[PDB]
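S.K.: Structure in C-alpha cells, see below.
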Amino acid sequence: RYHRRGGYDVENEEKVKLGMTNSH
Amino acid sequence: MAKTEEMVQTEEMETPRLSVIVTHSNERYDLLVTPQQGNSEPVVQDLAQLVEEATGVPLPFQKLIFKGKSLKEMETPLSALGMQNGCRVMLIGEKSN
C-alpha cells in the first residue's frame, strides 16, 4: 500500500497485531 | 520542553532561524515557518502550510489541532499564530506521502 507507516510496517499486512509501525 | 525562548532553528529568506515541530501521532518533521509578514510573526495560513508542506499533504487530508487554533486559511489572528520560534503543531488523521 502507498502508505508510509500505516497500521503496520508499510504494507497492508494480514496479522495487524502490533502497532509498532502504526505511525512511528 | 519550552519551545519558545530559542529563535535558533532553521533560517530562511525572511524567517530568522524559525522552524516548527510538526508531529503526527509519533512522526515528526521540521518545517520552516511561513514568512512574508513579520519574521517571528507568520501569516494566518502558517499553521495550515506548516503541516501541509511538512510532507506534501493537502489540508482536507489532515486535521491540525495546535497553536490554539484549527487548520484553515484563516482562523485566529497572526498574533496568536504561536509568537515564538515556530511553536508546535500536530494533526489527527492520515498523511498523503
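S.K.: Which order do B:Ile65, B:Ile21, B:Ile92 fall in if you start with the one that has the fewest other Cβ atoms within 10 Å?
M.R.: B:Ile92, B:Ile65, B:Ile21
S.K.: Within straight cross-link reach of B:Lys72, meaning Cα distance under 17 Å, which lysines are found once same-chain residues fewer than 8 apart are removed?
M.R.: B:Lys63, B:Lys95
S.K.: Determine the relative contact order of chain B: mean sequence separation of Cα pairs under 8 Å and six or more apart, normalised by residue count, in whole percent.
M.R.: 33 percent
S.K.: Follow-up question, since we're still on this one. Which order results if B:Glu11, B:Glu75 are arranged by neighbouring Cβ count within 10 Å, fewest first?
M.R.: Least crowded to most crowded, the residues run B:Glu11, B:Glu75.
S.K.: How are the C-alpha pair distances of the protein assembly as shown spread across 5 Å bins, as whole percents from the shortest bin up?
M.R.: It works out to 2, 12, 21, 22, 16, 11, 7, 5, 3, 1, 0, in whole percents.
S.K.: Which whole-number value in Å³ per residue fits the convex hull of the alpha carbons of chain B?
M.R.: 88 Å³
S.K.: Excluding same-chain residues fewer than 8 positions from A:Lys17, which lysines have a Cα within less than 19 Å of its Cα?
M.R.: Candidates past the 8-residue exclusion: nothing left.
The numbers here are math on the coordinates, done by the rules we state, and not lab data. A quick note on method: Cβ atoms are made from the backbone with ideal geometry, for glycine too, and the neighbour counts reach across all protein chains shown.
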